[PDB]
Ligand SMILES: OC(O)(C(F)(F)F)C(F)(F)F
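Take a look at this single chain, the form deposited without the named molecule, given in structure tokens.
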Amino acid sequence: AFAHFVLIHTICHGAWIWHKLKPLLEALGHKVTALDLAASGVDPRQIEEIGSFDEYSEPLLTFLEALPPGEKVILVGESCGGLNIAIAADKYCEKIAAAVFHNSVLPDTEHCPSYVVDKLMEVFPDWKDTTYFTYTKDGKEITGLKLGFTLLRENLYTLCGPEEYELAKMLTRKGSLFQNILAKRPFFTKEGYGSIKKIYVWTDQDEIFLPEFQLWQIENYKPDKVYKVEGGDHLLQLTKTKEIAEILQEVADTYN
């Protein structure tokens, strides 16, 4: 079967991270939308204009709003994209056939929104040459960051080619986890986010979202289906593009 996939990048990243997977999915006959979230990729906004993970998700929310009644899509989020998925699901669960997590955070409904993010910081505390800054928006102090080039090279693009890593150095922008804002945000709902089908894709060779963290998330919030890709790195859409497309095809044939 064919499906309409909506690819969601992580903070500091942009739609460009999906430049290899998107054409492959289309070669399978699927419809693919790869969005730039607020202040990401070529979006015109700067991070200082964004005050929460929800505002950061605007482009995704607006896209879903534009979907005619009856049209469903399969969301695919990488790394922190899982949070965008949760936010979107509490607003448009009926338009989501399923959500696919790609080495991504997996929020739940029993703990506050920042729960898995706080856990991630515990498992991976050293972000190496990543730099941080602060700005104020809507009366709150937000911590912004810019992923370090060494961190990118060693933990994210571990096995990616130098041509792919180059795009990261040229295109990655300042972003934020809005961690303190997530902590005070209303919990994700059981009726919205809790009701959607969730497929968890990962590899134990991920050098940033370590096995301890990912296995911890799976035990914390049981996915409907779990796919483990052998080898590759954190950026499976670059190092295991073909494998990811095959998994997404199966998801398309399973959930609608």
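Numbers follow the displayed sequence, beginning with 1.
Asker: Check the entry's C-alpha temperature factors for 241 to 249 and 11 to 19, then say which stretch has the higher mean.
Answerer: The stretch with the larger mean CA B-factor is 241 to 249.
Asker: On average, are the C-alpha B-factors higher in 157 to 165 or in 70 to 78?
Answerer: That would be 157 to 165.
Asker: Checking the record values for 112, 100, 97, 170, which has the greatest CA B factor?
Answerer: Highest CA B-factor of the listed options: 112.
Asker: What's the residue among 179, 84, 104, 150 with the greatest CA temperature factor in the PDB record?
Answerer: Across 179, 84, 104, 150, the entry lists the biggest C-alpha B-factor for 179.
Asker: Please place residue 59 in the lowest, middle or highest third of its chain according to the CA B-factor in the PDB entry.
Answerer: For residue 59, whose C-alpha B-factor we compare with every modelled residue in the chain, the answer is the lowest third.
Asker: Divide the modelled residues of the chain into thirds by Cα B-factor and specify which third, lowest, middle or highest, holds residue 41.
Answerer: Lowest third, going by the recorded CA B-factors of the chain.
Asker: According to the PDB entry, is the CA B factor of residue 120 in the bottom, middle or top third of its chain, that is, lowest, middle or highest?
Answerer: Answer is highest: the recorded C-alpha B-factor places it there.
Asker: Taking the values exactly as deposited, rank residue 200 by C-alpha B-factor within its chain and report the matching third: lowest, middle or highest.
Answerer: Lowest third of the chain for residue 200's C-alpha B-factor.
Asker: Is the Cα B-factor recorded for residue 33 in the lowest, middle or highest third of its chain?
Answerer: Ranked within chain, residue 33 CA B lands in the lowest tercile.
Missing here is the form solved in complex with the named molecule; even so, the following discussion is about that form.
Asker: Whether 64, 98 and 193 jointly form a contact site for the named molecule in the entry with it bound is the question; each needs a heavy atom within 4.5 Å.
Answerer: Negative, none of the three is within 4.5 Å.
Asker: If contact means any heavy atom within 4.5 Å, which of 73 to 81, 134 to 142, 181 to 189, 107 to 115 contacts the named molecule in the entry with it bound?
Answerer: After filtering at 4.5 Å, what remains is 73 to 81.
Asker: Here the chain is shown alone; which of 21, 248, 236, 11 has a heavy atom within 4.5 Å of the named molecule in the entry with it bound?
Answerer: Going through each option in turn, the one that passes is 11.
Asker: Pick from 165, 149, 127, 92: which residue has any heavy atom within 4.5 angstroms of the named molecule in the entry with it bound?
Answerer: Residue within 4.5 Å of the partner: 127.
Asker: Is the gap between residue 200 and the named molecule in the entry with it bound 4.5 Å or less for some heavy atom pair?
Answerer: Residue 200: no contact with the named molecule in the entry with it bound.
Asker: I'd like to know if residue 156 sits close to the named molecule in the entry with it bound, meaning any non-hydrogen atom pair within 4.5 angstroms.
Answerer: Yes - in the entry with it bound, heavy atoms of residue 156 and the named molecule come within 4.5 Å of each other.
Asker: So in the entry with it bound, is the named molecule close enough to residue 210 to count as touching (4.5 Å, heavy atoms)?
Answerer: No, residue 210 is distant from the partner.
Asker: Is it the case that residue 87, even though its partner is missing from this view, gets within 4.5 Å of the named molecule in the entry with it bound, heavy atoms only?
Answerer: Output for residue 87 is no: heavy atoms all beyond 4.5 Å of the named molecule.
Asker: Within 167 to 190, which residues come within 4.5 Å of the named molecule in the entry with it bound, counting heavy atoms only?
Answerer: Going through 167 to 190 in order - heavy atoms within 4.5 Å of the named molecule in the entry with it bound - there is one hit, 177.
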